[PDB]
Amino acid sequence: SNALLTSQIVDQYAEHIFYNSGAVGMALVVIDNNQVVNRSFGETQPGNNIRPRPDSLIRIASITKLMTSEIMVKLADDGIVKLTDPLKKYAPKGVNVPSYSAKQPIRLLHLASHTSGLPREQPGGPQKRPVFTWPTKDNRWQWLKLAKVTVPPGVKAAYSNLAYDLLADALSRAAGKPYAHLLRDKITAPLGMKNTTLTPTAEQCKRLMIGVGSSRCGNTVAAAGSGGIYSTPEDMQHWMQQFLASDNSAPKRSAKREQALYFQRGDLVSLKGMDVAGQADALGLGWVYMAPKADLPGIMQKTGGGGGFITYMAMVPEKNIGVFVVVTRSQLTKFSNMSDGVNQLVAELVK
């Protein structure tokens, strides 16, 4: 949009998203070419009357997947992995990785695009476990080794957290570093995202916002690949900015490769779990593309939910526009009441 109107346009939508979503608290980050607009509403804990701040800690939940895929893409460029490597290539010594058939193994690309045939979660976990703590890496590989895969890869999409944590395990093995070190070295340290972590301190935990369905703030390395990352609105602003040009900056070198599309909707027999923010017209590496329709532009997006947080990022890279939103839930919170509002805001901004 024209810089003369960016703030006013955001104001046409921000409070509506806040009220319609039934948020306890909300932070909204809008990047439109040279303009950055931040809004925050509500409270960091029900009834505390403290507005969220740029450094309020949040769970980004499944937005984590975009960084897992970023790491994969960066390691691929380094020659450390290939997207087409079978998962088994990065398996512990002597550990079996099940495949549909000998010649059709699960490859890293399948994990990243939800086409691996794996279930959404590892079956048979404990109940009332704090979010993003089970299964551990050791739990996953003990399960995997005796599991059966009964659909061939690259034929059905079915959203999976398990598959994304197995991906993080493989990337860690390929690089010979713990995953947290990769997240630090490839993403957060170079960008100064000093509050973006799987291992929050007490000082950080104190700043975690609270809504309905909250769980204790702790180590979430178990979900390193799928959902565990803590961050802040200001850290996420800096990360999103790398996908978007401004007068003073170009997108990071790997942006286009990170956002490459691998499956058109029609290239798949079926899709499950992919349509939370609207019909998925193509699947990327974590990223999901929705083609222009009705009064909406073509949008690259990712949704997330966990431990009382819901999150959404939507962008139109060719227009240098991106929107990130995080909400702590109340009881009546419906996800698409937040995401539909963001999409409509994006639609107004691209005008």
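So that there is no doubt, residue numbering starts at 1 and follows the sequence shown.
Q: Can you tell me whether 247 to 255 has a higher mean C-alpha B factor than 226 to 234 in this record, or the other way round?
A: Between 226 to 234 and 247 to 255, it is 247 to 255 that shows the higher mean C-alpha B-factor.
Q: 275 to 283 versus 212 to 220: which one carries the higher mean Cα B factor per the record?
A: The entry gives the higher C-alpha B-factor average to 212 to 220.
Q: From 319, 59, 302, 51, which pick has the Cα B-factor that tops the rest in the entry?
A: The listed residue with the largest C-alpha B-factor is 51.
Q: For the listed 86, 153, 266, 123, which has the peak Cα B-factor recorded in the PDB entry?
A: 123 has the highest C-alpha B-factor of those listed.
Q: Taking the chain's C-alpha temperature factors as the reference, tell me which third residue 159 falls into: lowest, middle or highest.
A: It falls in the bottom third of the chain.
Q: Relative to the other modelled residues of the same chain, rank the CA B-factor of residue 196 and answer lowest, middle or highest third.
A: Middle third - that is where residue 196 ends up once the chain's C-alpha B-factors are sorted.
Q: Where does residue 344 sit by CA temperature factor within its chain: lowest, middle or highest third?
A: Bottom third by C-alpha B-factor.
Q: Tell me, lowest, middle or highest third: where does the Cα B factor of residue 170 rank within its chain?
A: As the PDB entry reports it, the C-alpha B-factor of residue 170 lands in the middle third of its chain.
Q: Is the Cα B-factor recorded for residue 331 in the lowest, middle or highest third of its chain?
A: Its C-alpha B-factor, which the entry lists for residue 331, ranks in the highest third among residues of this chain.
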